[PDB]
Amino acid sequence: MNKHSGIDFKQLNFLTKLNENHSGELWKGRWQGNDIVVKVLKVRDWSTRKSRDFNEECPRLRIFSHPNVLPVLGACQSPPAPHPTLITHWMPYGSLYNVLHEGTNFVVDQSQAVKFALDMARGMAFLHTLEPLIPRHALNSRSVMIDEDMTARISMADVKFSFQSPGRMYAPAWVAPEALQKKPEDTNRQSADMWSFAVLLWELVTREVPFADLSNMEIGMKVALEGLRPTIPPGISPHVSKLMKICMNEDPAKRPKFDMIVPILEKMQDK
């Protein structure tokens, strides 16, 4: 009599392991005629409470109504599955991070980069129309995926669930200074996400990983407490400089909403 049974773990065809780390394992596989990625989550002290929470939080991620949002196709409830598990469609180009920084075959041009920015801004504007907000999605280049036609899509499978440790931040270079220091309840989420978007703009402009020479702990402590900021690159157009600066305003309240920068990025298109 549950509203959802989730995806049957027994119907997953696991083909090849892609990664393993602190958060779990990623596999390429197949399910009901789909090429998929499976994330098997690693959770210490799994409990019925956490399992209930996982099963309430996953349905919110099944967003099929926007081209720049990649849904979770479904999730395997644990029990009966061996571990809590997420499934999404396989995105052939991988993450935006992969395409920008690990791309061995080609370098995406700046017209494509501007389209990526527009894609991401449209997806985030849509996400911020949802009520309530999807808890705990950190926007960065690893949590945006590039689909078969080069469309950028916000990855809903990369949200942080309630039982995943809030005390460990693995991509602080994209996080707003106030979000390094204050609880999410005390921060305006869309303004914090706009800072992340500004860092994505910086990444698209420089084709460098922000603060690549520093550990995550160095980044978080220096951005939060010592005013460390990305250096605005030389020789970029005044319009791109101006957009980056307004999106990275030190005052969260002065940062634009995503729906206000979508038309700006639309006019920047050249394709």
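Position 1 is the first residue in the sequence shown; the rest follow in order.
Chemist: Averaged over C-alpha atoms, is the B-factor higher for 139-147 or for 75-83 in this PDB entry?
Modeler: Mean CA B-factor is higher for 75-83.
Chemist: Taking only the CA atoms, which stretch has the higher mean B-factor in the record, 8-16 or 258-266?
Modeler: According to the PDB entry, the answer is 8-16.
Chemist: When you compare the CA B-factors of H66, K39, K242, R62 as listed in the entry, which one comes out on top?
Modeler: Most elevated C-alpha B-factor of the set, per the entry: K242.
Chemist: Take the CA temperature factors straight from the PDB entry and tell me which of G123, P132, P172, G94 peaks.
Modeler: Of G123, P132, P172, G94, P132 has the highest C-alpha B-factor.
Chemist: Sorting by Cα B-factor within the chain, modelled residues only, which third would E208 end up in: lowest, middle or highest?
Modeler: Lowest third, going by the recorded CA B-factors of the chain.
Chemist: Taking the C-alpha B-factors as the PDB entry records them, is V223 in the lowest, middle or highest third of its chain?
Modeler: Its C-alpha B-factor belongs to the middle third of this chain's values.
Chemist: Split into thirds by Cα B-factor across the chain's modelled residues, where does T187 land: lowest, middle or highest?
Modeler: CA B-factor rank for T187: highest third.
Chemist: Lowest, middle or highest third of the chain for the C-alpha temperature factor of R52?
Modeler: CA B-factor rank for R52: lowest third.
Chemist: Taking only the Cα B-factors deposited for this chain, tell me whether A198 sits in the lowest, middle or highest third.
Modeler: According to the entry, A198 has a C-alpha B-factor in the chain's lowest third.
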